[PDB]
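Chains as they are written, first to last, in the entry's author numbering: chain F, 8 to 95; chain B, 31 to 249; chain D, 112 to 221; chain O, 39 to 149; chain A, 53 to 481; chain P, 38 to 108; chain C, 50 to 300; chain S, 67 to 129.
Using N, Cα and C, we set each Cβ at its ideal position, and we do this for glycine too.
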Amino acid sequence: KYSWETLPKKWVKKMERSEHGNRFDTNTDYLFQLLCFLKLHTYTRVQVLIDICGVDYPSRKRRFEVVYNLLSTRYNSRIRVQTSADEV
Amino acid sequence: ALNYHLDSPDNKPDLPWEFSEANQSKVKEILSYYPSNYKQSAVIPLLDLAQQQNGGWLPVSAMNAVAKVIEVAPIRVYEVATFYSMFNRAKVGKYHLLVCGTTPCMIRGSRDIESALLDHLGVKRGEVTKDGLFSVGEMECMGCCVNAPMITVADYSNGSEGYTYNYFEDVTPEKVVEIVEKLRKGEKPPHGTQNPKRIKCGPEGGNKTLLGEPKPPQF
Amino acid sequence: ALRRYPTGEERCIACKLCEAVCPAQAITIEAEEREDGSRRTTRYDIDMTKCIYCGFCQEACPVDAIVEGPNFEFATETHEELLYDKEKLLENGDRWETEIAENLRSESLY
Amino acid sequence: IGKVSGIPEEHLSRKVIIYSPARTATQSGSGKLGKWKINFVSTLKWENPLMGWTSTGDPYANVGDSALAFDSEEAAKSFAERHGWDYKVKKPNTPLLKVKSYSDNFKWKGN
Amino acid sequence: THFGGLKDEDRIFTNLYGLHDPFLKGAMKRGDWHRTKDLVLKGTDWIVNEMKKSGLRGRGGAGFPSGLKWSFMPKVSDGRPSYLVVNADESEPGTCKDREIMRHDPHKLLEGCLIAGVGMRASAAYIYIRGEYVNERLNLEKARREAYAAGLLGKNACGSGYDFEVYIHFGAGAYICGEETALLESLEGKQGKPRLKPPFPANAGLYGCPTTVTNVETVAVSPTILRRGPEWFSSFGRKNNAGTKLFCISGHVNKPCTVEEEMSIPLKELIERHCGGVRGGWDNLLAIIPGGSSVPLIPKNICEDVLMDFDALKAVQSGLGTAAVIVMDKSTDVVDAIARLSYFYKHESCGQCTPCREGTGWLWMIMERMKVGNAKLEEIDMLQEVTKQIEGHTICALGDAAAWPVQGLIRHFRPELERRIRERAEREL
Amino acid sequence: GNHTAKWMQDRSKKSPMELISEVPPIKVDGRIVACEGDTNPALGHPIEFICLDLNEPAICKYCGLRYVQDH
Amino acid sequence: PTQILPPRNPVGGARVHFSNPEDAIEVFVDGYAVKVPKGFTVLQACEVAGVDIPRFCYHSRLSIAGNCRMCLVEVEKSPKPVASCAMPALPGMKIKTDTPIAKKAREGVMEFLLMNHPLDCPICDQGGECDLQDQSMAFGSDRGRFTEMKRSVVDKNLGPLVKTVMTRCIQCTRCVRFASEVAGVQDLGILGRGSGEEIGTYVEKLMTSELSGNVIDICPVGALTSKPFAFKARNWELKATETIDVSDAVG
Amino acid sequence: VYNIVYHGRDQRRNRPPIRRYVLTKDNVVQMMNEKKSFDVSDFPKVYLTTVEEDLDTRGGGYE
Ligand SMILES: Cc1cc2nc3c(=O)[nH]c(=O)nc-3n(C[C@H](O)[C@H](O)[C@H](O)COP(=O)(O)O)c2cc1C
Ligand code: SF4
Ligand code: SF4
Ligand code: SF4
Ligand code: SF4
Ligand code: SF4
Ligand code: FES
Ligand code: FES
Ligand SMILES: [Zn+2]
């Protein structure tokens, strides 16, 4: 995927998937910075925050997982940047 | 054939049953074959002895007595009595004509054997005749195969003494009805091949191989 | 409506599949081996108010014991009546059987 | 993280039991083991006198079993200690895989 | 070479047809018990070695190389008295070759019990007579009482220093009890339900004591194999398969007979020579079940030039079991015959394991439908798949023995099955 | 009955237990019956094969119908 | 390439009891080595590997049996699928539990079991908690080709505790082993042969033994069910608490 | 209908397992050095969609 080559490696910190919709499980600090990327970028133009799905994993240490969906009306693709932030 | 027990005045675990004399000795011998422990090994011969002694079928009292003689829980004796086919658990009359029914008999007219025997006797398949004498029972391969159609009688008249499990082989409908009438008349028909011109298990035109007088070959 | 077999005998053997499949958990089923020996539901109470009328119970029931009668006209003055009692008011499907049996005889092809 | 969680005060003095549900003895299958669950005792369930059905009053009636299942005693204890519950962890009793073989049924009783 | 011709001085089972006295004073004249004292004194390793050198293979369905089987028994006895169960019980459909050894020269069987016992370090032989062989086991108990009175068996093996006693067990009408791992149990007193193979009978079989189950024909040719030449024995049959099998030409032959004849014999040659011929001429043949009933069919187009030896009949997509050749001519309903075979395997299946216990009743139901034509043209592929679901999965080879007749019937006479099905279809509408 | 006295308070319409205990047992031929349901195998219960080896009638658990051997 | 393999801990946290740390046999369960003590059946050598092999009659407390072939894993160099319950793990043995031959063997057997089995699942007391239902819905085929007359069996009277519906029973022999061995009373039996196999006392004989109500938990099928718990509830309604008992002092 | 083999037809469980492998700094610096240039066709294609006036020409108003 083109988006992973250009993206600074540090921004896609923890995880990265390759099916059922691709995701960049990033870190909470680099999130809005990562959302700044993929938008206002010529080859990755999302512009459309479809959804922000809170997901709660009680057995994790970072309980929640704020799943930002993102559609790219230009390139017709959908990326799901995620995070992980506990209750506080 | 039920694989469980339905009480009856003839057959119930209340009735006292035990090996008669001239059979206690056979019990002792049969148990002598197998070791002191593992005497459970003698449940097939003891059950067959009880079946011969009680005129052809195994009452639950008989299985309980075999269990007492053999020292295992009666369930193990019940398990073996319902498993093996030769052990009749309901009365099969005095003779229980067993006509084989496997393919090497079926292709050689054994279905006709059984149908002729049945319509002559007048029982469905395994029901005992109103005379209490005869009963027909299908049995799988009886070993008598080259002797193409066969019928095994189980003479239960006397009991453990006149108990003859004769093989009437190479039979035909006429031969079968003749055997049944000669059996109801009391006498014992000659077993073996009911078809002369062949010796036992022979090629039907006189054997073609075993002709020379036997002798020690060159060792 | 809880259906019945043509020869009386409530069709509802208490498997509890409809109590399980129910999305709103309207059906409360308690089962007891009746004296005849065949299982039956001592309590079969559908709470119509807590019920979404999705027909999942009609699909889940193995013997077609619970079916939805085309009634749809049972507006009740009081809420307690709207909670359909254990196998007594759902047993009024015997009146609707003439139409329920027709609908089932015509839908069973699907 | 008990006070910020909005849970009422009277339900943070609750006494829970962090067990691991044993295998359902009826079915010999381990596909539901290793899922540690907090067990809010939640014993108070009367019978609503109008209809035959029951009627709990404790909010934590079902969530102990339903939808709140961790994957390790450490995560479950961390959870029940964040929220300030008095957890008593009940360890799971695990089976010994004792060595056994077929040829032991046909053992010889010497004589 | 060209096999088949066995001269009357080369037949091992003399007095097969019971023409001469079976017991002693009639067996010593036929060479039985001739010099077994020397053989026992020649040792156990020599007996096993000569049996392996003679290339004697299993006379029973397994077809295993005997001798090599006898070398499986433990050498040093660890307290468990090694037994020797003789598989007299057959119950295979078509097979009477055992019935002509239990009676009609049983002393060969008793001397073979003794010679194999000293061969495999045994301590007692349990001749598991088939239950229905009442007259046969009476003759055999007569011969056993004789060989006991003549000091042959019991507390001194034919005057030698070997303590060996033959006990005669008899089952009760169960083909399943005949299996090697089920003989041990049906003789242990329990039901005739096979045990799984990981405990092998040579390691923990009868009473947990080691043992090897041998068909009467293999144990009974053992004496004459040793007294005659192991080179003489192996001089018959093809290279691997060697010996003189005891055949049983069973059905639809104008002269059905069991006759001993050299292995690797052309099936057609055996039929045309000894038992006469296929009823109505060879061109009237429909199919042949060459082994017992545990073996697929032979559709008469690969039955002309097939040899009655283990290897060739295995290479013809079949098996030589007890060599109880069942012949079927164009007049029989071959699907009905195989339906009755599957009924047999449904009846005589001790039901211990699910693939056989259930799938055999299933095979019987499908065969009793296809013999009328009540099935669908794709069931003939279900039947193949059902049989292949039964085959490899059952505890004992009875699962095989029940999937093989139907598999062979399909593989060969699929035209006839399909014809019956289409004729049923056109009978409707 | 007593079980039927828990859900039915009418006590004038015959209790289903009696409605099924008053229907006669159905004669059959073999040793196994079908009882697919009323008549239509798709409007009755899952087919329940009943054994008739016993002498007394063997009820179908789902429908209450009773079958006897009729030899 | 720096993968993250799952932990692969035993099937139920099962403590593996080495008789000594020297005789640990090393077998390959799906290409993942596991060190099992000497004598472990292939099934236990897989339960050490976290692989849950579907078993109908193999109870760890009870004896080992082949009354059905639901396990049939394919070891490397055997001609036929070996029953995992009785095959002792040999050092170096390669067990493939999910190879197409193993899965086809499992589907085959779960079709035979559901072939003569009655459609009693709705009226079966153990409808939700059933090994047969949960192995058919997980390893057995989605469809059944058997459309004929299933065999049926009368219901034996086994007392006021164990309600018996032997038609459902699959004749895996687990109970007839439990009553002979653990309960030690020897009343149950596998009467008959073939499909006609019937489990229970040959004469009407209430299971006079205590400790013989556990045959219901032993039973992988509804057949043997608690008659007191006749039908009163379902496997899903019941909220379970891991309480103890106070009747007898064994606790 | 008469071929009920399932593991071939299976969809729920007949899938390749999740391969979650870790990347350490060495791997990604290797990949960044390997990516020499972003030549065209290493770029995501645009979903080109323009608007075009049409009154009833598709089929003639009859579908
Ligand atoms: C399906 C099956 C059929 C068998 N049939 C026979 C038989 O007809 N006669 C017999 O003696 N043993 C029979 N056996 C037992 C063994 O296969 C084998 O014949 C015997 O244990 C040893 O014979 P052998 O030493 O000649 O190989 C059968 C076993 C199986 C599994
Ligand atoms: S339609 Fe049936 S299953 Fe659905 S909520 Fe209503 S009662 Fe429950
Ligand atoms: S209505 Fe249907 S699902 Fe509900 S208990 Fe009755 S039979 Fe079972
Ligand atoms: S079911 Fe078949 S394979 Fe299994 S023990 Fe019985 S006869 Fe042998
Ligand atoms: S045991 Fe009962 S619930 Fe399980 S499959 Fe059999 S009938 Fe259905
Ligand atoms: S009754 Fe239950 S435990 Fe006993 S054999 Fe049948 S299914 Fe197995
Ligand atoms: S045909 Fe097998 S014994 Fe008569
Ligand atoms: S349980 Fe292991 S194969 Fe039957
Ligand atoms: Zn019914």
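Handout entry: Cutoff 8 Å: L120(A) Cβ touching any chain B Cβ
Key = no
Problem - Positions along the region 386-414 of chain A whose CB lies within less than 8 Å of some CB in chain B - result: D388, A389, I390, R392, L393, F396, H399, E400 and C402
Handout entry: Exposure of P137(C), with buried meaning 16 or more beta-carbon neighbours within 10 Å
Key = buried
Handout entry: Any non-hydrogen atom of ligand 6 closer than 7 Å to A199(A) Cβ
Key = no
Problem - Of the residues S149(D), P134(D), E208(D) and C165(D), the one placed nearest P171(C), counting alpha carbons only - result: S149(D)
Exercise for the section: Would you check if the region 151-165 of chain A and the region 185-197 of chain A touch, i.e. whether three or more CB-CB distances between them fall below 8 Å? Expected result: yes
Practice task
To the nearest angstrom, report how far apart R247(A) and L205(A) are at their CA atoms.
Solution key: 31 Å
Handout entry: Neighbour list for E72(F) in chain O, Cβ cutoff strictly below 8 Å
Key = The premise fails here: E72(F) is roughly 15 Å from chain O at the closest Cβ pair, so nothing lies under 8 Å.
Handout entry: Among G262(C), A282(C), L240(C) and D174(C), the one whose alpha carbon lies nearest that of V211(C)
Key = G262(C)
Exercise for the section: Go through the region 109-192 of chain C residue by residue and report every complete run of the beta strand (DSSP E) that reaches 3 residues or more, in order. Expected result: 143-145
Exercise for the section: Can you tell me which of the three DSSP states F465(A) falls into? Expected result: helix
Exercise for the section: Report whether the distance from the Cβ of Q243(A) to the nearest heavy atom of ligand 4 is below 7 Å. Expected result: no
Exercise for the section: Please state whether DSSP places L192(A) in a helix, a strand or coil. Expected result: helix
Exercise for the section: Compute every distance between the C-beta of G148(D) and the non-hydrogen atoms of ligand 9, then say whether any falls below 7 Å. Expected result: no
Exercise for the section: Could you work out which residues of chain O lie near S109(C), taking near to mean beta carbons separated by less than 9 Å? Expected result: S66, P133, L134, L135, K136 and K138
Exercise for the section: State yes or no: is the beta carbon of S66(B) nearer than 8 Å to at least one beta carbon in chain O? Expected result: yes
Exercise for the section: Below 7 Å between beta carbons is the criterion; list the residues of the region 71-94 of chain O that meet it against any residue of chain D, in chain order. Expected result: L88, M89, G90 and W91
Problem - Short Cβ contact (8 Å threshold) for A176(A) with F216(A) - result: yes
Problem - One or two residues paired with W84(O) in a DSSP bridge - result: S93(O)
Exercise for the section: Could you have a look at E61(A) and say whether DSSP puts it in helix, strand or coil? Expected result: coil
Practice task
Anything with a beta carbon under 6 Å from a heavy atom of ligand 9 counts; list them all in chain order.
Solution key: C72(P), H82(P), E85(P), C97(P), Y99(P), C100(P) and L102(P)
Exercise for the section: Can you give me the Cβ contacts of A99(O) inside the same chain, cut-off strictly under 6 Å, excluding the 5 residues immediately before and after it? Expected result: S80
Problem - Per DSSP, the bridge partner or partners of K75(O) - result: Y57(O)
Exercise for the section: Would you mind reading off the limits of the beta strand (DSSP E) that contains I179(A)? Expected result: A176 to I181
Practice task
Express the C-alpha separation of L77(B) and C405(A) in angstroms, rounding to a whole number.
Solution key: 26 Å
Problem - Interface flag, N149(O) vs chain C, CB-CB below 8 Å - result: no
Practice task
Under 7 Å between beta-carbons, which chain A residues line up against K145(O)? List them in chain order, please.
Solution key: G260
Exercise for the section: Could you name the residues of chain C that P46(B) contacts, counting a contact when the two beta carbons are closer than 8 Å? Expected result: Neighbours of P46(B) on chain C: none; closest Cβ ~16 Å, over 8 Å.
Problem - Inter-residue Cα distance where the pair is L161(A) and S141(O) - result: 31 Å
Handout entry: For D196(D): DSSP bridge partner residues
Key = Per DSSP, none; premise fails for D196(D).
Practice task
Can you give me the start and stop residues for the alpha helix (DSSP H) that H86(A) sits inside?
Solution key: From DSSP, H86(A) is part of no alpha helix (DSSP H); its letter is neither H nor E.
Exercise for the section: Could you tell me whether any Cβ in chain C is nearer than 8 Å to the Cβ of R52(O)? Expected result: no
Handout entry: Contact check, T439(A) vs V458(A), beta carbons under 8 Å
Key = yes
Handout entry: Rounded C-alpha distance that separates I74(B) from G146(A)
Key = 25 Å
Handout entry: Residue-level contact to chain F via CB, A113(O), 8 Å cutoff
Key = yes
Practice task
Indicate, with yes or no, if ligand 5 has a heavy atom lying under 7 Å from the CB of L287(C).
Solution key: no
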